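Okay, so here's the structure we're looking at.
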Amino acid sequence: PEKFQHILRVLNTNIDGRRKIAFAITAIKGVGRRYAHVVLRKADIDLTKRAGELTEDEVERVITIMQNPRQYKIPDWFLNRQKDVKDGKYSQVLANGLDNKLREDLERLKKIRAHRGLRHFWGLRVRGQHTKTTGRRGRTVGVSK
Amino acid sequence: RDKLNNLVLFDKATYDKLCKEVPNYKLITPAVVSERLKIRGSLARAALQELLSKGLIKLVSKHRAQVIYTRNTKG
Amino acid sequence: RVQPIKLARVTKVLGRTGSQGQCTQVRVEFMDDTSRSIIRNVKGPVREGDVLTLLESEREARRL
Amino acid sequence: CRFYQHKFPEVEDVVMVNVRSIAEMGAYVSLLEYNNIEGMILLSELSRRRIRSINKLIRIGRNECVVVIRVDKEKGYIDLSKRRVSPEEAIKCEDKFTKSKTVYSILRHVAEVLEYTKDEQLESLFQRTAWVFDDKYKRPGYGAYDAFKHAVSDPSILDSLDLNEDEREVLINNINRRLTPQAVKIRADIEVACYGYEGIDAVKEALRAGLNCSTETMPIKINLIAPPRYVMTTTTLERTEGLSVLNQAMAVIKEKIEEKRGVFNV
RNA sequence: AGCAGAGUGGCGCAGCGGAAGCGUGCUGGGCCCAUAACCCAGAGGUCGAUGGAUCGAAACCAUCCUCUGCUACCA
RNA sequence: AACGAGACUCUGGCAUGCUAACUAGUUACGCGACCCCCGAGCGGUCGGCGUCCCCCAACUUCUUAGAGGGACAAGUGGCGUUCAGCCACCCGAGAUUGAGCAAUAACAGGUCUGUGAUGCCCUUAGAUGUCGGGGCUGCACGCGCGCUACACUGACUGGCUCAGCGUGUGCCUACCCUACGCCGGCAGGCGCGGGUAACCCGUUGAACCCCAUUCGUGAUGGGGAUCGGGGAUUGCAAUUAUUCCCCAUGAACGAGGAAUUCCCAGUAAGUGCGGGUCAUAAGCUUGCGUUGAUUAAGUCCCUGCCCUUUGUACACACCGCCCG
RNA sequence: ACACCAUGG
Ligand SMILES: [Mg+2]
Ligand SMILES: [Mg+2]
Ligand SMILES: [Mg+2]
Ligand SMILES: [Mg+2]
Ligand SMILES: [Mg+2]
Ligand SMILES: [Mg+2]
Ligand SMILES: [Mg+2]
Ligand SMILES: [Mg+2]
Ligand SMILES: [Mg+2]
Ligand SMILES: [Mg+2]
Ligand SMILES: [Mg+2]
Ligand SMILES: [Mg+2]
Ligand SMILES: [Mg+2]
Ligand SMILES: [Mg+2]
Ligand SMILES: [Mg+2]
Ligand SMILES: [Mg+2]
Ligand SMILES: [Mg+2]
Ligand SMILES: [Mg+2]
Ligand SMILES: [Mg+2]
Ligand SMILES: [Mg+2]
Ligand SMILES: [Mg+2]
Ligand SMILES: [Mg+2]
Ligand SMILES: [Mg+2]
Ligand SMILES: [Mg+2]
Ligand SMILES: [Mg+2]
Ligand SMILES: [Mg+2]
Ligand SMILES: [Mg+2]
């Protein structure tokens, strides 16, 4: 039924219209399953459609709700950047601002040279896990001279 | 693994072949219909429920993990 | 090289043969003329009275 | 597809198989000088002397040349052996294997351009063309490769039956990258030691007369490996024609330095 | 200078166009109370360099370079 | 004649026989009440559902726990020098539950870091007898016990329906198990009660399993490592994230080389629940239930053990001795 | 009708 164009190019990422919407839009970063289901419910569109069955007047509404969530009554405890450390905002950072925020957070930490930044610099484990018997990336060392 | 490129929904050729197989198959299950054509297997369930609605196939068993139909309780 | 199959009935259990005690010496008659008897080594849990199938009945078992 | 006129292997033939894996009773193997049917080499049937570990004399993923001991064409069983494999048989088996792979790989442009939707195209092409390409000199000792050996050196056979489209200019190109060049070795042994000053322009009356009764300018080899042993080779032809033109060369070139002064080796 | 042979894993080598392995060495496991022997896996490749043919090469052709044996031994 | 084995103690299986129970129940109807006709009928009388309420009702079947009983190779047939005993079968709750305890002789086994057990040596005020801070967790690598997975005999989302062994307010020591109302998406907060316990949490609404949805062979909605941002609680103090919750990032892994461990029936394995440590907290261990197989009824091959005969140049005992 | 099986702070 209705073999129409399926491959979508949503902002800076490729979606396949061969999948269901609630699991197709998770291909974008910052959008998981629990977030995408809510973004699709608030937009009043159906949830049994393949992602190719959406004409150009649904996708636009879906993304404008996906990017301005607090406008459409998506709560605060549910967003992936809350009390933004340097601006006090609440937001979902979605596609490319995610990598920029992550690198900005790592660089902020390394700047004041806190301990987390020093573990991020030396490529070690940042939480409090033992590193004596895990990680194990290098090569075997020979004991016979 | 491998690459099974199945169809997410029918086209007219597969759509007529799906109605031209009804008298042929003694056992009808979603997996058999998936293997005959190139169907995403979750579309085969909808196709068989549609065929059942039109009286074209007869349900012999339905369970959570298995469904079975047969051709018009004949032959 | 061409021989038919022979069904044989077990009439006595002798002992357990093989390195691990893994097979059994058994005496059988031939289901056609009871006046015949041979000794075979059987692999499974054989009782007395069972019927074995012989793919090669011109052989006989020595041991092991 | 199938590499051989015979669909299935026959008893007492050396098939060049690919060991695909090993079970508790035997190495199951992919036969590939035939279709890709499964076969088994039995672990008892694998050596005559004691084996220290099996992961040496078999390794999964190596092609090797093993004989057939039983085939059941009824339900598709092949049993194979490595006890029953001769080094002299080892000489000829991968010869046959590579000569069959050559005809399988020449039958690719066909599948490259023809109805490659199915692979029955290549099966049909095989049973049509390659079935008859070897039944003419098989017992004399030639496979399906002799037809194509002749196709560019003497094209009369491919046109002696059906000739198809866009297959000629592929085979008459590529087999003459590999099989055609002549085994040239016939460096003539011209040994002389003269005591005259015109001894260089006295043989020059024959220096151009390597091959006689031909054109003056036809290309020959100008050689010098030692002042006492001059050397000659002429128009290449084929190496028995090469020996026919060369047979008197050592003598017809010498018959000019003997006449002036001094007696040489004949 | 010439002939012949060779150039592929640290080292010896196999590899008759559908294309990277063997034997040894190296490192770590196994087996044993322990060491050697023996078993396993891992690491390490401009297939001498440069062009060309071929649908395609380490392999065929051409030029050059580098080793080894043997004569030439050459103002 | 003595010890060890056996006997012995706890435990699991059976008693419609005994003893006797609102801190356990059943049945009956006294009942009374709710509800539906769901049956004859009217809807009432008769019935059907009730962890709804009562009995100074009758009783002990289910629950509890005491006393006795009961199994002995006793009966029957074979094999046994007709002895000791073995196999099969009837009857039966059962014809071979599981643990505790355990000898002479010994080991240069472990423990001086359990001890107001302890000899000798050392130190003893610039202490090797107390407070603050850091470590025991650091990471090229080698190894051991384990948890979660590699998905369709599955994951997800709903619905349905069943346990047993336990623990519970602390003396110095200050903290226990929780019902039910409200507030919050969640972790959690506030307010009022019960329990020193067959009395309250609790009829312990456990998980796997069962019944329906969505997915569809694609490292995918399998897997959940690593990492960013935010919110709670314990505490004197959480950074080297104590633990918990929420949105996001989404690695290896497609059944595992040479080797090697454990296991015979309510057992292996799957599955959850308690106790121990515990201001905070289990991928550990120690117990409990729940679903519940395949394979054996053997042998001495491999690794060892026991008894006899035999050989020895060993006795620090073959991991010995010993020749050039 | 018998493959290999060396040595010991
Ligand atoms: Mg006595
Ligand atoms: Mg008796
Ligand atoms: Mg009975
Ligand atoms: Mg007992
Ligand atoms: Mg003892
Ligand atoms: Mg002590
Ligand atoms: Mg002391
Ligand atoms: Mg201690
Ligand atoms: Mg003190
Ligand atoms: Mg301190
Ligand atoms: Mg420690
Ligand atoms: Mg341990
Ligand atoms: Mg599990
Ligand atoms: Mg536990
Ligand atoms: Mg507690
Ligand atoms: Mg605990
Ligand atoms: Mg512990
Ligand atoms: Mg063992
Ligand atoms: Mg004994
Ligand atoms: Mg003695
Ligand atoms: Mg002595
Ligand atoms: Mg010794
Ligand atoms: Mg000595
Ligand atoms: Mg030894
Ligand atoms: Mg020595
Ligand atoms: Mg010595
Ligand atoms: Mg010694």
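Following the order of the structure tokens, first chain is A, next is B, and so on, with residues numbered from 1 inside each chain and ligands from 1 in the order they appear.
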
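Selecting all polymer residues at most 10 Å from ligand 2, using only C-alpha atoms (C1' of nucleotides) and all ligand atoms, gives residues 73, 75, 76, 77, 78 and 79 of chain F.
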
**OP:** Could you tell me, as an MDAnalysis selection string, which residues of chain B DSSP assigns to strand (DSSP E or B) when given the backbone?
**Re:** chainID B and resid 7 28 39 58:62 67:70

Q.
Need the shell around stretch 174-185 of chain F: protein/DNA/RNA residues with any atom at most 12 Å away, counting only C-alpha atoms (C1' of nucleotides). Skip same-chain ones fewer than 3 positions apart. Format as a count of residues only?
A. 30

Would you list which chain E residues are within 12 Å of chain A using only C-alpha atoms (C1' of nucleotides), as number ranges by chain? E: 26-29, 42-43

**OP:** Show me which residues sit within 10 Å of ligand 17 when counting only C-alpha atoms (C1' of nucleotides) and all ligand atoms, and put them as a PyMOL selection string.
**Re:** chain F and resi 277+284-285

Within 10 Å of residue B:23 using only C-alpha atoms (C1' of nucleotides), minus same-chain residues under 6 positions, as a ChimeraX atom specification: /B:56-57,70-72,74-75
